[PDB]
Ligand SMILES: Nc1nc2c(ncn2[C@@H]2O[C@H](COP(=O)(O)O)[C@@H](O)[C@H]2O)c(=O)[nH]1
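For reference, the chain that follows is the form deposited without guanosine-5'-monophosphate, supplied as structure tokens.
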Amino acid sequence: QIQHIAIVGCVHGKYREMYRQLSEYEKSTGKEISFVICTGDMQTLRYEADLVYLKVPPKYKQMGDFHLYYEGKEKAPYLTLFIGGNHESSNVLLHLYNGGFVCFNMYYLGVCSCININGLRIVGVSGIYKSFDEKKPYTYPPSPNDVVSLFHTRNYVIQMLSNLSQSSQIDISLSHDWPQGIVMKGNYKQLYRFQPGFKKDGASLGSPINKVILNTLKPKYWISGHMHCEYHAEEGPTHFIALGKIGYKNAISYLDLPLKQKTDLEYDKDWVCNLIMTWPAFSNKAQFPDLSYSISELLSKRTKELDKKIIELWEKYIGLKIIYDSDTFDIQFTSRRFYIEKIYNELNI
């Protein structure tokens, strides 16, 4: 048993092109794709109004193909899991900061999370790194002036993800910009003559946040995009792979991983437990996280008995399976934290 997983770099609204290339792989090679993985820049703009939240150079203020899938005119032939990049409809992703389906077969992993599928555990870290925004909170509802800062990776995702490898391995981890320093653990001199601009950042190229997460969880694979080029590197037990932009040859690659059993997309129990126990830091819907709280301190109260009950209550109110929901995203925002708060308060701490 083998499962073929498509890994995609920057999509930037070229969905019909991506699915055209994916469908030819299934027939040129005869292998079947289990699901698709995207490293960001999805541009999930539902309508013209969402263009205000797309931080791009003037030439790329374009709707893309997403609205056709959002409208139902097009249908994603494969289940597509993605994170956010630096060219996004950032308002939509903030509504879904705890993940959610933007349309059929297209699931956003949120600001960060861990999911389960086909016996694998997949971690996603959205955004790119900017030091001046790494401590800023999110303000809700989204405002057009936040178009420049909403896609910047926040420091707190480090504390939210660091313990996810304690009970079991992490198979795949997703980020947009590369983990800082990973440029040096491959054939960097070959890369420096195809990408001359990479020479001056040296080992500082990439996100320190994604660097910390990689060293803590050491997943089997770490996949990134952002840089619009192909690259491989090894950092201890972790295989790093970088992908390019849709429209070039370097956009899509394929992972052939062992398949124990076929399983629907499900929430990760350890992630769900971190999401419930960190609720007091997210209790203010207008501004979160409230970093007066220590995220690690809230998570140090996790117990096996409390974890068993959180998943019991999560299964009751939401379900272990991640299912499609077609409510508007602002309603999905309120709904998911309604049940996070309900599960947390039902524990009585």
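Don't overthink the numbering: it's just position in the shown sequence, from 1. Each form is matched to the other, and the largest set of C-alpha atoms that superpose within 1.5 Å is called the rigid core.
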* Structure fact -> In terms of RMS C-alpha distance in 5 other deposited structures of this protein following rigid core superposition, 57 to 65 and 38 to 46 differ, and the farther one is 57 to 65
* Asked: Taking the recorded C-alpha temperature factors, which stretch has the higher mean, 169 to 177 or 227 to 235?
  -> 227 to 235
* Stretch exceeding the other in mean C-alpha B-factor - 251 to 259, 82 to 90 -> 251 to 259
* Please work out which residue in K269, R154, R121, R193 has the highest C-alpha B-factor recorded for this crystal structure. => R193
* To do: Classify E315 as lowest, middle or highest third according to the C-alpha B-factor given in the PDB entry, relative to its own chain.
  => middle
* **Third of the chain, ranked by Cα B-factor, where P280 sits** => middle
* Lowest, middle or highest third - CA B-factor, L291 -> highest
* Structure fact -> On the chain's distribution of Cα B-factors, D41 falls within the third called lowest
* Structure fact -> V148: C-alpha B-factor third of its chain, per the entry, is the highest
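Although it is not shown, the form deposited with guanosine-5'-monophosphate bound is what the next lines describe.
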* To do: Would you check, heavy atoms only and a 4.5 Å threshold, whether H228 touches guanosine-5'-monophosphate in the bound PDB entry?
  => yes
* To do: Flag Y107 as yes or no: does it have a non-hydrogen atom within 4.5 angstroms of any non-hydrogen atom of guanosine-5'-monophosphate in the bound PDB entry?
  => no
* Taking heavy atoms and a 4.5 Å cut-off, does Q159 contact guanosine-5'-monophosphate in the bound PDB entry? -> no
* Asked: Is there a heavy atom of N155 lying 4.5 Å or less from a heavy atom of guanosine-5'-monophosphate in the bound PDB entry?
  -> no
* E71, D201, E266, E234 - the one with a heavy atom within 4.5 Å of guanosine-5'-monophosphate in the bound PDB entry -> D201
* Of the options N163, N118, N86, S253, which one has a non-hydrogen atom that comes within 4.5 Å of guanosine-5'-monophosphate in the bound PDB entry? -> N86
* Asked: Since the chain is shown here on its own, which stretch among 119 to 127, 268 to 276, 190 to 198, 97 to 105 would lie within 4.5 Å of guanosine-5'-monophosphate in the bound PDB entry, judged by heavy atoms?
  -> 190 to 198
